[PDB]
C-alpha cells in the first residue's frame, strides 16, 4: 500500500502545495491523521477532530479544502456547515431531520444526508460558538460514537470523516500574540482560558487537536498571490501569453489584497480589479497579442503593462 503510505508520511508536503505557512497547524493535522491510520486511536471515532482558532482569511477553509483533496481525491469532498444558520431551537431538525409527522421529514438533515451520500469527507463546522446548545450535544455524540441517528432512524457512519470546527474566540488573544513577545508554543496554553469560558470539558477533551492559525507575513501573501493567479496563467498559456510580475507588482497586490480583519479574503477580486481588468483592456486594444511575454510593474495609477518589442 505504498501509494497511501507515501501520502501519509509526506502529508505536510502535500498540504503545503496549496496551503501557505501555518506550519504548526499542518503538522498538528497530519500527526493526528497518521495516529488514526497507524491504528493508535478509537476506531469508533472520526479519523480526526480539530478546533481551528485564529483570524479570518488565513487558511482554515483552505486547509479543510486541501485536506479533502489529498485525503478523499476532491475539494467537493468537503462539506461545509455554517453554524450561523443553526442558532434557534429549529436547528436540530435542519441538522438531522425533522421528526416523523413534521413538515420537513422527507428531505432529512443537512449534515446527515450529506455524510450518508459521502462518508469519505471533511466536515467543516464554521463559527462553532454561534451554535445552539442542543446542536452541540448532537456533535458531542458524533465525536464520541463516530455515528449519528437521523430522524428516519438510519444510523449515519462518521468513522471515515475528518471533523474541523472553526472559531473566532481565539482571535483577540492570538492577535496580541506573539506581538507582545510570547513564545511559539505558549500560544495554545494561553488561549485555553477563553475556550473554557465558552466550552465544557466534555467537548475540549474529545478533540484530537486544538489548532492555532496566525496572521500571515508579507512573504506568505506574496506566495498566495502567485497561487491565486495560477488559473489566469494557465488560461493565458493557451494563447502562448506569459505574465512577468516585478516584486513591486507582487507587493502592490499583497498590500491591497490583505487586511487585519478579513485576511486574504479580498485578494482574489483585488487581482481581478488591479490586474485582470487592465490586462483584458490591453488584449482587446491589441497591445497584448498571441505569443507575447508581458511584463507587469507599478505605476502612479495602478499596475502598468509592457511588451519588449523586437529585442
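Numbering follows the first chain given and starts at 1.
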Mean Cα B-factor check, 194-202 vs 108-116, entry values; winner is 194-202
With B-factors read from the PDB entry, the higher C-alpha mean of 48-56 and 266-274 is in 266-274
Highest CA B factor of 102, 72, 213, 158, as deposited, is found at 102
Reading the B-factor column for Cα atoms of 79, 138, 175, 165, the highest value belongs to 175
Chain-relative C-alpha B factor for residue 86 (record values, thirds): the middle
Assert third(CA B-factor, residue 292) within chain per record equals middle
Split the chain's modelled residues into thirds by Cα B-factor; residue 2 lands in the middle
Tertile call for residue 250 (CA temperature factor, within chain, third-based) is the highest
For residue 121, the third of its chain by CA B-factor is the lowest
